[PDB]
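Below you will find one chain, with nothing else, as structure tokens; this is the form deposited in one PDB entry, and questions on how it binds or moves follow later.
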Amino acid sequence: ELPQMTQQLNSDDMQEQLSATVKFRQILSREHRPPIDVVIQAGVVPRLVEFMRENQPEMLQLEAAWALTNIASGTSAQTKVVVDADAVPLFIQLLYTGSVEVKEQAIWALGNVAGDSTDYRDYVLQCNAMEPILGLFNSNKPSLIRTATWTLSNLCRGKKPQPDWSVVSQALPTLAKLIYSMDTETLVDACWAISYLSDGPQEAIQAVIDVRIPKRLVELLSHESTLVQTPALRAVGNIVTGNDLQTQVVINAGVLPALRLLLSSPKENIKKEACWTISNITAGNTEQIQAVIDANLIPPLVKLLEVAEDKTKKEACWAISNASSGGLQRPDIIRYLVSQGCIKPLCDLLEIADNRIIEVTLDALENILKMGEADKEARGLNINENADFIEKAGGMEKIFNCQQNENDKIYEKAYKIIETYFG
């Protein structure tokens, strides 16, 4: 029944042009094995693209756009056909004109197009789509806001290369409101969009902070759905790659207790991201290392260092080692780490097969030794207490073996540790 339909679509009669477009849209909607390939190869896309112009019925525009959208939401190559037919500008101009059914189709289309690659994403933006899309978040129609938010997040996605910041950043004010939505899918997608926007340079982070997002994100770290937790946690973590002032805004918003909650998530990857996130706060100044300790985060962090999956342990080791930095100017910190039992797990981690981490681990152990030494020299004892803890945990042997590591810096720090504290 198909070469016939191709001819009924080419009829100059408006009455039949519709009937045909309607039959195309229907077969293109079959849930099972849609005929997107066959319909494309019958040559009719550029004809459907014409049916979406200003100079066409409201009911024909709809059906042509819905048919095309079913095409554009298939495979990367079937999306490509629709883009190559110059369909995007008319999808975009239908966001202004069309009714609400129509707006929902075009916004979905542009979402699928924007999601195919960083090229198509940039291209949608170049076609000045941002402006109309934002115009949709007045509609107060739940399903259209939901869709507009999905698309919007795809416009923000991708780091290599970033999208054009001066355009996508105009969406911050709208997102800031959207993370207050009671529609789970909206909320989720708004959080993704923020996680992408916040993933960038200090200018981008500050934009996120200035619209007041971070208060709400911190609230969302305790949402019932891990679908919300994950991207929210990520945005917050990106914010704390920033400077001390930026990091301080998130702590001030209450992130440390939320992080406590997340260090006992059932999902391993939430725990891994929380460890990472805390590690970039213990990378911060001396007040912030103390805030981490005061929020009772060290003990679960230590427990993850002993028993968690490898990727999670590495992140926890960063969190604990970065914290020992500040032990040279506040020795209570190191004392508390030691006393929470972090020596045996740090030691046992030295045999991980990752030179990045072995190095961090030895920096943590050196800092513990340096403070264990300045402890006994300050009050005239004949023993480094921490040196003996490391020894009794089989960590001297383990540090010793690090001299046989190919990286010169590892060997050098390890050599230095055995001489200075095990001579």
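Rigid core (definition): largest C-alpha set, two forms, superposition within 1.5 Å. Numbering starts at 1 and follows the sequence shown.
The following text describes the form deposited in another entry, which does not appear among the structures shown.
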Worksheet item: Is it true that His223 shifts between this form and the one not shown by 2 Å or more at the Cα, once the core is aligned?
Response: no
Worksheet item: Is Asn140 among the residues whose Cα moves by 2 Å or more between this form and the one not shown after superposition of the rigid core?
Response: no
Worksheet item: With the core lined up, does the C-alpha of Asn238 move 2 Å or more between this form and the one not shown?
Response: no
